[PDB]
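Protein chains in written order, with the entry's author numbering: chain B, 12 to 42, 52 to 258; chain C, 1 to 173, 187 to 231; chain C', 1 to 49; chain C'', 1 to 173, 187 to 231; chain A, 59 to 82, 87 to 126, 137 to 224, 230 to 280; chain A', 59 to 82, 87 to 126, 137 to 224, 230 to 280. A prime marks a further copy of an entry chain.
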Amino acid sequence: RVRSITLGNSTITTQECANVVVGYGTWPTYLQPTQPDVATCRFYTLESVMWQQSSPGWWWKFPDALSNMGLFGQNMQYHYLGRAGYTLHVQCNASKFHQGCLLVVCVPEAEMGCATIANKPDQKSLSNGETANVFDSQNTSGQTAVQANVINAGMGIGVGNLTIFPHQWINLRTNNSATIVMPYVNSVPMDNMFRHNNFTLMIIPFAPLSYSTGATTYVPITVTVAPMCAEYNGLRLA
Amino acid sequence: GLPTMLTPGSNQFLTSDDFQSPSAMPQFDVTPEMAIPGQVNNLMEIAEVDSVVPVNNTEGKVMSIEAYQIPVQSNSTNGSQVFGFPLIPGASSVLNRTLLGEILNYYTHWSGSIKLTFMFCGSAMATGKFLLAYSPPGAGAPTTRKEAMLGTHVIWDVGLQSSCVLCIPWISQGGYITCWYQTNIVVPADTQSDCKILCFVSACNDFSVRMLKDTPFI
Amino acid sequence: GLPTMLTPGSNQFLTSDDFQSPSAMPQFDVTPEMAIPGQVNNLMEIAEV
Amino acid sequence: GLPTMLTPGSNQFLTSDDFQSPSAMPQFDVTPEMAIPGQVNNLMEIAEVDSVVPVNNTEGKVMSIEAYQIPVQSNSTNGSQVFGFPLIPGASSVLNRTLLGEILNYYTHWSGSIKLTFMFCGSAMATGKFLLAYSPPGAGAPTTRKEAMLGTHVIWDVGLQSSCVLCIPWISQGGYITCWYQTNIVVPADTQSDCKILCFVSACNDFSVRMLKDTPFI
Amino acid sequence: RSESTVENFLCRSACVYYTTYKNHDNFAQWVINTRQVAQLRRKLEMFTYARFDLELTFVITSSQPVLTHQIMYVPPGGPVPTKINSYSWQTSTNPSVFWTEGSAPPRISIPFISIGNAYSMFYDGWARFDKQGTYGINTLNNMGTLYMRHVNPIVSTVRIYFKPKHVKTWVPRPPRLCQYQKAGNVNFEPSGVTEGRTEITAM
Amino acid sequence: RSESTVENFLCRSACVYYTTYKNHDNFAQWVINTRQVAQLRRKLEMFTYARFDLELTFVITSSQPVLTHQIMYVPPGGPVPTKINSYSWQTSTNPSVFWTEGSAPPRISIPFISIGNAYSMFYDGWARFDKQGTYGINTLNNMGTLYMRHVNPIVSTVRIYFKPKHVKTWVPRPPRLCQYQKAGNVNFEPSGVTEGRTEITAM
Numbered sequence: 012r013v014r015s016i017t018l019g020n021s022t023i024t025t026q027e028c029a030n031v032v033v034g035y036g037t038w039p040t041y042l052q053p054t055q056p057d058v059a060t061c062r063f064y065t066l067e068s069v070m071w072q073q074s075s076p077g078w079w080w081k082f083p084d085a086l087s088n089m090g091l092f093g094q095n096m097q098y099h100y101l102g103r104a105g106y107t108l109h110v111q112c113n114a115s116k117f118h119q120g121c122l123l124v125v126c127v128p129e130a131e132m133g134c135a136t137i138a139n140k141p142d143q144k145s146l147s148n149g150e151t152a153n154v155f156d157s158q159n160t161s162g163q164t165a166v167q168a169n170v171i172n173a174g175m176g177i178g179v180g181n182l183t184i185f186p187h188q189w190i191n192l193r194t195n196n197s198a199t200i201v202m203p204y205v206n207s208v209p210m211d212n213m214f215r216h217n218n219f220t221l222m223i224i225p226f227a228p229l230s231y232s233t234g235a236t237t238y239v240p241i242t243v244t245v246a247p248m249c250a251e252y253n254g255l256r257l258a
Numbered sequence: 001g002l003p004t005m006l007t008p009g010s011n012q013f014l015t016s017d018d019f020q021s022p023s024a025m026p027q028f029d030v031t032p033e034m035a036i037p038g039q040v041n042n043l044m045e046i047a048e049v050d051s052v053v054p055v056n057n058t059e060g061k062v063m064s065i066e067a068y069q070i071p072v073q074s075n076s077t078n079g080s081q082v083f084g085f086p087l088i089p090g091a092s093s094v095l096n097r098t099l100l101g102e103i104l105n106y107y108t109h110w111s112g113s114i115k116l117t118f119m120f121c122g123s124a125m126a127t128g129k130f131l132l133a134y135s136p137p138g139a140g141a142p143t144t145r146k147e148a149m150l151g152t153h154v155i156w157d158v159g160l161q162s163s164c165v166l167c168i169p170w171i172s173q187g188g189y190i191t192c193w194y195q196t197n198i199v200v201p202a203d204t205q206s207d208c209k210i211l212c213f214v215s216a217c218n219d220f221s222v223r224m225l226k227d228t229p230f231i
Numbered sequence: 001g002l003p004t005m006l007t008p009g010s011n012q013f014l015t016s017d018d019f020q021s022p023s024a025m026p027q028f029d030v031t032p033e034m035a036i037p038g039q040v041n042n043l044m045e046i047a048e049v
Numbered sequence: 001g002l003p004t005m006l007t008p009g010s011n012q013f014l015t016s017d018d019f020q021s022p023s024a025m026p027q028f029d030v031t032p033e034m035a036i037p038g039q040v041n042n043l044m045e046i047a048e049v050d051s052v053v054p055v056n057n058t059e060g061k062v063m064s065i066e067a068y069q070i071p072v073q074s075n076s077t078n079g080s081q082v083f084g085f086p087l088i089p090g091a092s093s094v095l096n097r098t099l100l101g102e103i104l105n106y107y108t109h110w111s112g113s114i115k116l117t118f119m120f121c122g123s124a125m126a127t128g129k130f131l132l133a134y135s136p137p138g139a140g141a142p143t144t145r146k147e148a149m150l151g152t153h154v155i156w157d158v159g160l161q162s163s164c165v166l167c168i169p170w171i172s173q187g188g189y190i191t192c193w194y195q196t197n198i199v200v201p202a203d204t205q206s207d208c209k210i211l212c213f214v215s216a217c218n219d220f221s222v223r224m225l226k227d228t229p230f231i
Numbered sequence: 059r060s061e062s063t064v065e066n067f068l069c070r071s072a073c074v075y076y077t078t079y080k081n082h087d088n089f090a091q092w093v094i095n096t097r098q099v100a101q102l103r104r105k106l107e108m109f110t111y112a113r114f115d116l117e118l119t120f121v122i123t124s125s126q137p138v139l140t141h142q143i144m145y146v147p148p149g150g151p152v153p154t155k156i157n158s159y160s161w162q163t164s165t166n167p168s169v170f171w172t173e174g175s176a177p178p179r180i181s182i183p184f185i186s187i188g189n190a191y192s193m194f195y196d197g198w199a200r201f202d203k204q205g206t207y208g209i210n211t212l213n214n215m216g217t218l219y220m221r222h223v224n230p231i232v233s234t235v236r237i238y239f240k241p242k243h244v245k246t247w248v249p250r251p252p253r254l255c256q257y258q259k260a261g262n263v264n265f266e267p268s269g270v271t272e273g274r275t276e277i278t279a280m
Numbered sequence: 059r060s061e062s063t064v065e066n067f068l069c070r071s072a073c074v075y076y077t078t079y080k081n082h087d088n089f090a091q092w093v094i095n096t097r098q099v100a101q102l103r104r105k106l107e108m109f110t111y112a113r114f115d116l117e118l119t120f121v122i123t124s125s126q137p138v139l140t141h142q143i144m145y146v147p148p149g150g151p152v153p154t155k156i157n158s159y160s161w162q163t164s165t166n167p168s169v170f171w172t173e174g175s176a177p178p179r180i181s182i183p184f185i186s187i188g189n190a191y192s193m194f195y196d197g198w199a200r201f202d203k204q205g206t207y208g209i210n211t212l213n214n215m216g217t218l219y220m221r222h223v224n230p231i232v233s234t235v236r237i238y239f240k241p242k243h244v245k246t247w248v249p250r251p252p253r254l255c256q257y258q259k260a261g262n263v264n265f266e267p268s269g270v271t272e273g274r275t276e277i278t279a280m
């Protein structure tokens, strides 16, 4: 019924009945000498976020989200060129007296618009590393701010069409988790992990959280990330 | 040289023609392909993906995520209508901006069947029934629960099934979908808010389109 | 290119000619035929009534 | 004659096209080939030939043969740097006029590995060690001998090997080469002058170029 | 489903650029760009990556003996005219066509020319992370530039017709909801998902 | 390595000559020469010997009913015009093309025509040892001459486009460091090997 998964020196627990979404039907694989690194294939658990009846949604940019994360974060600095796939585990802690529904979606090349049309968004507004950015329910206003109104997913599209990207729904009535496997996707086989975010993870409520009186007023959402088949440019003589 | 005649149609540019042309850079060795996940060969591959339908697109809801959230009042009048809409993917405001709706707006004519999925997002311990009824093209729409019940329908008991799926036999370039409160929603506890229903739409079977046109959304 | 000569009759439109011409809509998939009763192949089929 | 149509692109001159054309003198019998030594089929055959690198191209040295002569001070401070440079064949002033550097300046994009040979030209009885270190792209450059020693390197004992060869795994359209005085140069006698090092560069492996352009040197 | 294929959806001619120039700074230019026309841009942006060859046809007219025009293509990284008599007009690595009025319009084909394995429609990154103004610029999408001049007082008008060929695409995206604001970015005015209705029920 | 072959490096069109003439000594001429354009010359001079055929395309325009132009090629050793009406314009061994405005540009092909087995780029010798002014002249490199006239007040302009074909080369040489001074020699101003730097060390 319950499965224990160990990678490196870290262990997490998932359910055996949980479904797995493999984006684009493709599993991550290995690919001017290139050096693989398996020392980083462990689970990195991000600080959880709290889901309130009024939460508009959250997002993370991945190569950046793990930039401070130990050895993975170090390989990004010692090597200049590289690639990796990821497994993303998203779980909610809720009782049978809670209701609500989330869309958990991974979006490739999620270029985002600016609150001011004449400008481009700043680096921090686009990503705060391991700290989640928050979608707005209203229109965003600022000079370098990301236009975060959730209705357009910050991209100028309708939010209900994000289902075109690898995703899973979490309906607290039936499931409290999602697993997404994201293959490396780019126009080039390897890139500079500090100048480009391969994908963005977005968690957007479509059915507001609510609960019976006396129940806990919020639901924790945890995101755990496990890199796969990471590869970097070699650092030695030929 | 070889005797020839020029015919009508010579020395003119048809914007829709297909002729060979010289390469500006014939000596350039073009970068090889690599596999990229997600190759798309046909737009129907997109039309077949479920997207969320903005059923509650009323004034004041259109600008929010709430457009997608059909409210369910747990203590509503028995037999009242929960929701409903004209079933037209290329015209109705409910369906014409969905992934299916967008693709079909590039074609003058199209036909096929569509799939509608209704998902209940109440608490785990919530139970009750809904009547999902379909009115064939030209039949108008039911005015009462009984009228809806005497046509084609499914009774959706949310206590057994969190979702229910309909496939409309006919969708073309109309019919109606309605949902009625057969029962109220019974819960074990007094909650802060109401329950929501999300609706999804996609192409159901082999769907066909015929002539390409400019989208009406620019 | 290949040496050619244009002959008399070049660049003129004969209303009774028969040459190929480019299609304005080559990407359009044309609606298939169905049998329709009463196909006429020749006008003598009418003259004989 | 045969019915034809002229298409777009007819009666125009593309400077990059490839069509047959009539010979002005078709009756002339062209002089036969004879073997001539040195036939060149590809420019990479030139890029692969070692040439001397003007490492000491400082003001006042550029106009002399001295630009190629890296000085070695036999009594220099231990652990000091002898020489070093940015490893960029298509931009660095050290490498962009070498046989490799010149060929690559005719292309917009290129990549491959390069070979660097360092030759010591001191007396037969001179001995001592040098540290040749390589700093991968983006790693900056070592500031001390110890820092260089902890990266990728070779210890070159001139008493055993008059020359040392490095092959850089990556050279593209950066990294650094540095050389440190691990030891002084020990000699049996008091000489009039210092010792020199010559540096040579060539393509190491299959090297690739993609699009031809005007050279920037006219 | 023939009209739904990627090739039939995208392999269609469009007028992408209109310009005028005189025979007395008197030259025209266009950077090849797939974001100039809203209908072309919206169809291409339904994908994240693409490869295609480009067919370019030039409709050239003029008004006040035989006029000859030169159309030059400068590949990414090639020399660029700043003046009508710049040396760059004669570079052998910048292909050009010499055409005279009265014949069929000029047509040239430019192959896929990126050094990446696909052109990208979107880029969640910076050309340089040190400059925030470079967000969204992927230098791998440089398709080259066209320059146009008379060979030797008249006014010429040029219409450039663009047609993608042998088109392959990857990673489909939602169609844009918002109207386009600028060609150099994805900025938008927040917009509602659809048109409204008066009530949630049928009739 | 396709773009690195000798044929792809050298078999490219270049404008090698620009000239004007009037229809009222009123004729143009060009001695075929591969040292007129610095970029063409520098690439060919990376070799010592070469064989190639020549493709010549003529872009001709004019300004103030149907104008006809005559382009004549005089092979090495053939009769040469001194006057617009010289008898040499009618020699049967001097091929010519008659072209009118409005058609595609004239194009002719001249085969390798030296009596040696290759053209030489360099010549460490004298055409005649009795005359020191002949140093560097290899008479085996005579490729012939072009003469241009109107057939019968206007001004014509001619651009000659040159393209080597089926190019074979031998004995590679270092690229020139110095700028070219004259087409008839290899004279140079002594020049440094590269651009300077401030110190021999990295950073």
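Heads up, the beta-carbon is just placed ideally off N, CA and C, and yes, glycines get one too.
Closer than 8 Å at the beta carbon, the chain A residues around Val55/C: Numbered from 1 along the second sequence, position 55 holds the residue referred to as residue 55/C. Neighbours of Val55/C on chain A, chain order: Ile277.
Among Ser92/C, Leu132/C, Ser123/C, which one has its Cα closest to the Cα of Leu192/B? By 1-based counting over the first sequence, the position of residue 192/B is 172. Of the candidates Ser92/C, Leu132/C, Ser123/C, the one whose C-alpha sits nearest the C-alpha of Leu192/B is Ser123/C.
Is the separation between the beta-carbon of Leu108/B and that of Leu257/B shorter than 8 Å? Translated into positions along the first sequence, residue 108/B becomes position 88. Translated into positions along the first sequence, residue 257/B becomes position 237. No, they are not a contact pair.
So, are the CB atoms of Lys81/B and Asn196/B less than 8 Å apart? Reading the first sequence from its first residue, position 61 is the one you call residue 81/B. Reading the first sequence from its first residue, position 176 is the one you call residue 196/B. No, they are not a contact pair.
According to DSSP, is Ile65/C'' part of a helix, a strand, or is it coil? Indexing the fourth sequence from 1 puts residue 65/C'' at position 65. In the structure shown, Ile65/C'' sits in a helix (DSSP, three-state: H, G or I).
Taking DSSP as the reference, what is the three-state secondary structure of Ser75/B? On the first sequence, position 55 is the one that residue 75/B refers to. Coil.
Using DSSP with H/G/I as helix, E/B as strand and the rest coil, what is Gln94/B? Looking up residue 94/B in the first sequence gives position 74. Of the three classes helix, strand and coil, the one that applies to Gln94/B here is helix, per DSSP.
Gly60/C'': which of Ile180/A', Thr271/A', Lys259/A' sits nearest, CA to CA? Indexing the fourth sequence from 1 puts residue 60/C'' at position 60. For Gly60/C'', the nearest C-alpha among the options comes from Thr271/A'.
Those runs of the beta strand (DSSP E) which lie wholly inside the region 79-122 of chain C and span at least 3 residues: 81-86, 110-120
In this structure, how does DSSP classify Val121/A' when only helix, strand and coil are distinguished? Locating residue 121/A' in the sixth sequence gives position 59, counting from the first residue. Three-state DSSP puts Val121/A' in a strand.
Whole angstroms are fine: how far does the CA of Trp193/C sit from the CA of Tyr134/C? Here the question's residue 134/C lines up with position 134 in the second sequence. Here the question's residue 193/C lines up with position 180 in the second sequence. Taking the straight line joining both Cα atoms gives about 11 Å.
With three or more beta-carbon pairs closer than 8 Å as the criterion, would you say the region 102-115 of chain A' touches the region 201-214 of chain A? no
In chain C', which residues lie less than 9 Å from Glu61/A when you measure between Cβ atoms? For the purposes of this step, residue 61/A is identified with residue 3 of the fifth sequence, where counting begins at 1. Within chain C', the residues near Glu61/A are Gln27, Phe28, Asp29.
Look at the alpha carbon of residue 174/C and the alpha carbon of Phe213/C, and state the distance between them as a whole number of angstroms. Absent from the coordinates is residue 174/C, which sits in the stretch where chain C moves from 173 straight to 187.
Would a C-beta distance cut-off of 8 Å place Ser64/C'' and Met119/C'' closer than the cut-off? Translated into positions along the fourth sequence, residue 64/C'' becomes position 64. Translated into positions along the fourth sequence, residue 119/C'' becomes position 119. Contact: no.
Mapping the DSSP letters down to three states, classify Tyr159/A as helix, strand or coil. The residue labelled residue 159/A in the question sits at position 87 within the fifth sequence. Reduced to three states, the DSSP call for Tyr159/A is helix.
Do three or more CB pairs link the region 93-105 of chain B to the region 224-235 of chain B at distances below 8 Å? no
Which residue's Cα is closest to the Cα of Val245/B: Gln73/B, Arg14/B, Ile137/B, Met89/B? As a working note, residue 245/B is residue 225 in the first sequence. Comparing Cα positions, the closest option is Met89/B.
Give me whichever residues DSSP pairs with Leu6/C in a beta bridge. The residue given as residue 6/C occupies position 6 in the second sequence. Its beta-bridge partners are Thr4/C''.
Restricting to Cα atoms, I'd like to know which of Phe117/B, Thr37/B, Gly180/B, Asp211/B is closest to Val239/B. One-based indexing of the first sequence puts residue 239/B at position 219. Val239/B has its Cα closest to that of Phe117/B, out of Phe117/B, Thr37/B, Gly180/B, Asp211/B.
What in chain C'' is Cβ-close to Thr4/C, meaning under 8 Å? Numbered from 1 along the second sequence, position 4 holds the residue referred to as residue 4/C. In chain order: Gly1, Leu2, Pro3, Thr4.
Are the C-beta atoms of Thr15/C and some chain C'' residue less than 8 Å apart? Here residue 15/C refers to the residue found at position 15 when the second sequence is read from its first residue. Output row for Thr15/C: interface = no.
For the region 99-123 of chain C'', list every residue whose C-beta sits within 7 Å of some C-beta in chain A, in sequence order. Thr108, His109
Is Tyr252/B close to chain C'', meaning its C-beta is less than 8 Å from at least one C-beta of that chain? Locating residue 252/B in the first sequence gives position 232, where the first residue counts as 1. No, its Cβ sits nowhere closer than 8 Å to a Cβ of chain C''.
Looking only at its own chain, which residues have a Cβ that is under 6 Å from the Cβ of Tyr75/A, when we skip the five neighbours before and after it? Here the question's residue 75/A lines up with position 17 in the fifth sequence. Closer than 6 Å at Cβ, skipping near neighbours: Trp92, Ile237.
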